[PDB]
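# A closer look at the structure
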Amino acid sequence: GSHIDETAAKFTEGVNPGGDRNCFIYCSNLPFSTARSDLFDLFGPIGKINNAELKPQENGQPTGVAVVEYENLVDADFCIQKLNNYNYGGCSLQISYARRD
C-alpha cells in the first residue's frame, strides 16, 4: 500500500464510544487547546500506544475527542480503568472502548 496521513482520518472517522474489550480507546471531554502530542502525556505511562489521533470535524472546530490504540488488551483495559475520572485543563475526561476503528 502507501501512507503519510490518509490513515489518520480512518483512525478517528466512524469511531464512537461503547465497544467491549476491542483494542482501541475512545477519550472525550478533552479541553479545546489539546494536540496529538498530549495523548502520549497521560496515556504514555499506562503501556505501549500502537497509534493515537484527535477526532476531525466538518466545519473545522475542535471536537474535544481523542482515539488511542494499544499493543495488549490488558493495556487498553487499564486506560479505561484508570483515566475514566482524570482531571485535565479544568475538564474531567470520559474514557471508553472505541467501537468502530
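Residues numbered from 1 in each chain as written, not as in the entry; some residues may be left out. Heavy atoms only, no water.

### A short note on the overall build of the protein
Regarding its fold elements, the protein presents 3 helices and 6 strands. When the helices and strands of the protein are read in sequence order from the N terminus, they spell out α-β-α-β-β-α-β-β-β. Computed over C-alpha atoms, the radius of gyration of the protein comes to 13 Å, within 12% of the 13 Å expected from 2.2 N^0.38 for 101 residues, which places it in the range of a compact globule. Burial status across the protein gives 37% buried among its 101 residues. If you take every contact in the protein between residues at least 6 apart in sequence, the share linking residues at least 24 apart comes to 68%. Put simply, the protein shows about 6,100 Å² of open surface, and 45% of that area lies on carbon and sulfur atoms. With 8 positive and 13 negative side-chain charges, the protein shows a separation of 4 Å between the mean positions of the two kinds. (Helix = DSSP H or I, 4+ residues; strand = E, 2+ residues; numbered from the N terminus. Rg over C-alpha atoms; globule rule 2.2 N^0.38 Å. Buried < 20%, exposed > 50% of the residue type's maximum accessible area, 1.4 Å probe, protein only. Contact = heavy atoms within 4.5 Å. Areas by Shrake-Rupley, 256 points an atom, 1.4 Å probe, with all protein chains shown as cover. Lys, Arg positive; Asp, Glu negative; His and termini not counted. Charge placed at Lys NZ, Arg CZ, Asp CG, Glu CD.)

### Let's talk about the pattern of salt bridges
Per the counting criterion, the structure on display carries 3 salt bridges. Between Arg21 and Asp77 there is a salt bridge whose closest N-O contact spans 3.5 Å. Of the two residues, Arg21 is situated in the loop between helix 1 (7-10) and strand 1 (24-28) and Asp77 in helix 3 (residues 73-82); the sequence distance between them amounts to 56 residues. Judged by relative accessible area, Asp77 falls into the buried class, the value being 18%. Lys48 is the partner of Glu71 in a salt bridge, and the nearest nitrogen-oxygen pair spans 2.8 Å. With a gap of 23 residues between them, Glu71 in the loop between strand 3 (65-70) and helix 3 and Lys48 in the loop between helix 2 (39-42) and strand 2 (49-54) connect regions that are remote in the sequence. You can call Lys48 partly exposed: its relative accessible area is 48%. (Salt bridge = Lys/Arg side-chain N within 4 Å of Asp/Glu carboxyl O.)

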